[PDB]
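Before any questions on how it binds or moves, here is one chain, the form deposited in one PDB entry, in structure tokens.
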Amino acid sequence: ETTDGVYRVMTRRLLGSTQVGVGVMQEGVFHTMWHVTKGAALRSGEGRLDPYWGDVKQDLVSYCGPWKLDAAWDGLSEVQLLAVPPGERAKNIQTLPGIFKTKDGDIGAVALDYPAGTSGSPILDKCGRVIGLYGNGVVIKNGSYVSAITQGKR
């Protein structure tokens, strides 16, 4: 199944079925975060998805093809995290991104906290386009979590 949409990334190597992450199928390419799969091959039913591209520093990996998602936050408008938490149904969460400021430039960040297995959930603009993936971030002085809006290059 190469059907577009959002997917859970599961394993049976631990206790029961365990969700390690989330990813986005678009244009026949599966997109997730590197720390989820560590670049390992994945199963989709009887079929196999082999990695195609990946980069530990960006913490991204694509399967069956090169990275396809190229929409970017406009720096002004609110976005929606399509959170897919372990054992719970997909739900959209709307928020106004903050900003990671780095020596190489700024990128948007969402201050939303979810189980680690939610890593890879897509972030969307108002037109429905994926502007990045959720799950690589920091922990603030308050103890809460803030994830970058991690987008690849096409």
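Position 1 is the first residue in the sequence shown; the rest follow in order.
Although not depicted, the form deposited with a small molecule bound is the subject of the following passage.
Asker: Is there a heavy atom of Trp34 no more than 4.5 Å from a heavy atom of the small molecule in the deposited complex?
Answerer: Judged by the heavy-atom cut-off of 4.5 Å, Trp34 is in contact with the small molecule in the deposited complex.
Asker: Is it the case that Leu96, even though its partner is missing from this view, gets within 4.5 Å of the small molecule in the deposited complex, heavy atoms only?
Answerer: Looking in the deposited complex, residue contacts with the small molecule do not include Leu96, since no heavy atom lies within 4.5 Å.
Asker: So, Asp50 and the small molecule: in the deposited complex, are they within 4.5 Å at any heavy atom pair?
Answerer: Output for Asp50 is yes: heavy atoms within 4.5 Å of the small molecule.
Asker: When the contact criterion is heavy atoms within 4.5 Å, does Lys38 count as touching the small molecule in the deposited complex?
Answerer: Because a heavy atom of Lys38 falls inside 4.5 Å of the small molecule in the deposited complex, the answer is yes.
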